[PDB]
Each structure stands twice: as structure tokens, then as C-alpha cells.
Amino acid sequence: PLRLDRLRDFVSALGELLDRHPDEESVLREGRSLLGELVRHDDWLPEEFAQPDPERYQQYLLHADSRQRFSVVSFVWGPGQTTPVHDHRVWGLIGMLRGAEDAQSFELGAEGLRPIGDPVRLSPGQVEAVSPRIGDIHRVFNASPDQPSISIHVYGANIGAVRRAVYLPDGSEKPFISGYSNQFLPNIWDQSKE
Amino acid sequence: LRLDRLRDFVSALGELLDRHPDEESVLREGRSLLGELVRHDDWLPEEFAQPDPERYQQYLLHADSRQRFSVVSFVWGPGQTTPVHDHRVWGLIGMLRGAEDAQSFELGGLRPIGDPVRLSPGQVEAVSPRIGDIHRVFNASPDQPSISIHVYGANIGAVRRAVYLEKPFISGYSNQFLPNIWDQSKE
Ligand SMILES: [Cl-]
Ligand SMILES: [Cl-]
Ligand SMILES: [Fe+3]
Ligand SMILES: [Fe+3]
Ligand SMILES: [Mg+2]
């Protein structure tokens, strides 16, 4: 009985929102509200895009806009998995869905990477923002050693195809194109099935 | 697989409808963009090219965020046909693989308009309430499957339309999964 209508309605609303060509602050404010409404419910994500991998965290594209104005991704960390330290180069929202993860912000200093504040500790329903304007560099990791964690991320592009960077401790940058773990997206558009 | 072709078609079709042009302009520029896609048979994933023994298959490839358009791979097995149906929105039919025919109809009951249009790879046809909406599309080969790529001014699988002897018609989709056409680094 997957409530795929929730993801369909999120995608529609996010489309309508960007049709008004609003500023980043308005996108993040209205966006985090719409994402909050989606990730408050754990009755809609298909099992195929909730699956951990033993070697690396999984990046399942759920929807990309026709003009690549936004994308929606299911990120799945297994026990003890982390992202590299990375930037985005576009606005991003992180909606916590299942389990426990932490997000550490970083800044580029004289020495290299320095963490800003404590890790932000996410639990289901919580939404965080990233952007070049408000803070773009972070590392997201599973805070459980025996359970997988899932967050739904929304970006101001097709994030899997954005040329961005990972950072080493000394602040040196490697090119980063994340791509996607899935060859298949979920069909959220067969409304007659419901 | 040259999935970049489908990605570029979807982008261009989005840009086109951003200009909020009239149906005539959509069909004119659209059939040109679709013609460019279906002239090449190096991009369709095999999972959305598969015939079914019992009924023709309707694989959604892409739906717009606001359901302004959709792109569908239709697959007829040897000797399969659609019912006689309308669309209630503009539609483009791009022939990709094999041989099919399209018979137009008018309400008189049903009378066929002209001969069946005989499609071969690269050919693009249009339907719309304005220009003629009622047709039947069928495989013209008795041993080979046929594939055409269709583009509609809605999420066609969810449009309330009709089949004609009117019965209500909502076509839906054969696939639970769409292709990921957005992983550009794979190329
Ligand atoms: Cl992120
Ligand atoms: Cl059609
Ligand atoms: Fe991130
Ligand atoms: Fe048709
Ligand atoms: Mg918290």
C-alpha cells in the first residue's frame, strides 16, 4: 500500500515553487516545509531505494526535473558508513526519514578543513539546508553501528551530474561527480493503481 | 546506450513548453525534436523494448514534475493492436523499430479517414482534439515487435479518455520502474 502520492505531491509542489523563480532564501524556507511534510511519513519509499550496500553509501535518484532545475535522492548509509567531506555548488535540503545520522559543517582555513560547531544530530522529520551562501561543506554519517539510516535530499540541480569537490584534511580538493546507484527510478505517476 | 539523446529531448521539450506556445507551435517544434531522437536506435534501454504475450506494453520513460508532458515507449508484439481510442491532449508518435500502421477515425459511428498511415523508423505523426484525436495503432509485422516513442501534453497514463466501438479509458503504465537517464558521468 505504498503512499507514492506523497512523493508525487512533493515533486508537483517543488515544481510549482520554482515556477515562481523565487530567491534561494524563499526556496529553502518553502522547500524545507514541503520536505518536512514528506519525511514525517515513512509509508511511501519503495524498498528498492531503501537498501544498504556493504562497501559504500547508496545514492538512489527518485526524480529529476525535465530541465534539471532540481532532483530528489534517497541516501542510504549502512552501519558506520560516511560520505567524504564534500560541497554541493547548489542549494540542498536534507530530510531525515529512518534511523540516526549526524552532519558536521566545515570551513576552509589557513591549515585546511576546520569543523564549524558540533555535529547536527538528525532524527526522523528533521530538515537541514546547505548552499554556497549559508554553508556548503559537510560530511553526513550513520550515527548507528547496527542499523541503516535514510535521508531524502533535494538539490537545485541534477546533483549526480554536478561537478563539485571532496576535501582532504589539509583542504586540498579532488573533483567530485557523485552519479547514482540505481539504473531504475520508481514510477510515481500511475495514479489509477491508487 | 546514448541516454544523452533522451536527456536532451526531455530538456528541449521542457524549454519549449516554458515559452507557453500554442498547440501548432508545440506540434511543429516537438515533431522536429522527436524526429531527431527516433532517427537513432542506440539509446532505448532493453527493459522498455520488451514485448508481452497478452497485451501491448506502455513503458513511461519520463513524466514532467508538473505533468505538462510524458514520454512513453509503446511495444507491440507480432499482430498486437491498441483499441480505437482518443487522447484529449496533443500527442506525437515517433517510429523507432519495426513496422506499424495508424488508422485515423471520425464520428459519423466510427468511419476511417484515409488509408492507414504506414510508419517506418524516423517518421513522426501528430494527434490532438483540434487536428484529429481518434486512431488505432497496430504492428504491421507478423514475426517482429514494433516500438514507437510517444509524447503527450499530460501524464497520459492518468488522462481520463475513451475507447470507441464510448467506454471510459485510463491506460496506466506497464513498468513499476523508469530508466535513470540522469547519470551523465556513466557517459
Ligand atoms: Cl547534502
Ligand atoms: Cl497516440
Ligand atoms: Fe551533502
Ligand atoms: Fe494513441
Ligand atoms: Mg536533531
Side-chain angles (χ1 to χ4, degrees), chain A residues 183-184 187, chain B residues 1-10 13 27 30-63 69-87 89-105 112-128 131-152 156-157 161 163-164 169 171-179 181:
Chain A
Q183 274 160 329
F184 300 112
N187 186 357
Chain B
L1 283 182
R2 293 289 308 277
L3 286 179
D4 58 283
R5 290 196 144 106
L6 186 46
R7 181 168 56 243
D8 294 351
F9 176 71
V10 167
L13 182 40
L27 292 177
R31 72 194 308 145
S32 186
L33 292 170
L34 181 54
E36 186 49 42
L37 175 60
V38 293
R39 260 183 285 197
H40 307 281
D41 199 2
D42 55 9
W43 60 266
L44 186 69
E46 205 63 10
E47 287 83 5
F48 313 109
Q50 290 302 300
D52 184 87
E54 301 164 323
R55 298 147 301 241
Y56 72 96
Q57 294 295 284
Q58 326 189 34
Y59 302 119
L60 183 66
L61 300 179
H62 178 85
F69 69 96
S70 50
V71 186
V72 186
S73 175
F74 284 96
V75 182
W76 294 265
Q80 283 178 344
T81 180
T82 70
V84 184
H85 65 272
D86 63 357
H87 305 87
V89 294
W90 64 258
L92 294 164
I93 306 93
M95 193 65 202
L96 186 69
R97 200 178 298 165
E100 53 201 53
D101 298 348
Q103 178 68 63
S104 304
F105 293 89
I113 313 168
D115 293 343
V117 176
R118 299 175 64 249
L119 310 160
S120 48
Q123 182 171 343
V124 179
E125 295 294 317
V127 296
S128 117
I131 76 179
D133 211 31
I134 312 176
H135 74 170
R136 179 172 79 81
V137 183
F138 52 102
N139 194 348
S141 172
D143 50 19
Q144 296 298 325
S146 69
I147 310 177
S148 43
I149 307 308
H150 301 211
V151 188
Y152 301 95
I156 192 61
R161 37 179 185 149
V163 294
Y164 301 84
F169 185 44
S171 47
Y173 297 119
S174 312
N175 53 326
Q176 273 200 328
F177 297 112
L178 315 178
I181 63 171

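Chain A is the first sequence line, chain B the second, and so forth, proteins listed ahead of strands; every chain is numbered from 1.
At distances below 3.5 Å, at least one donor-acceptor pair connects side-chain atoms of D133(B) with backbone N or O atoms of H87(B). Side chain of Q103(B) to backbone of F138(B): no donor-acceptor contact under 3.5 angstrom is found. Listed for the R39(B) side chain is a donor-acceptor partner under 3.5 Å among the backbone atoms of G35(B). Remark: the backbone N or O of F169(B) is not paired with any side-chain donor or acceptor of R161(B) at under 3.5 angstrom. For the pair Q50(B) (side chain) and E46(B) (backbone), a donor-acceptor distance under 3.5 Å is present.
Between atom CG of residue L96(B) and atom CG of residue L37(B) there is a gap of 7.5 Å, rounded to the nearest 0.5 Å. For the atom pair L34(B) CG and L13(B) CG, the distance stands at 9.0 Å (nearest 0.5 Å).
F9(B) has its ring centre no less than 6.0 Å from the ring centre of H62(B).
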Please tabulate, for side-chain N and O atoms in residues 144-152 of chain B, each donor-acceptor pair with protein atoms closer than 3.5 Å (sequence neighbours left out).
residue	atom	partner	partner atom	Å
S146(B)	OG	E100(B)	OE1	2.7
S148(B)	OG	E100(B)	OE2	2.6
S148(B)	OG	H150(B)	NE2	2.7
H150(B)	ND1	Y152(B)	OH	2.8

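In this structure, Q183(A) places its CD atom where only 12 or fewer heavy-atom neighbours from other residues, nucleotides or ligands lie under 6.0 Å away.
Minimum interatomic distance between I131(B) and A126(B) (heavy atoms only, all atoms of both residues): CD1-CB, 3.6 Å.
Here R2(B) pairs with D4(B), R5(B), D42(B), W43(B) under the side-chain contact (heavy atoms from CB on, under 4.5 Å) rule; sequence neighbours left out. Under the rule for a side-chain contact (heavy atoms from CB on, under 4.5 Å), the partners of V117(B) that lie at least two apart in sequence or sit in another chain are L119(B), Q123(B), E125(B).
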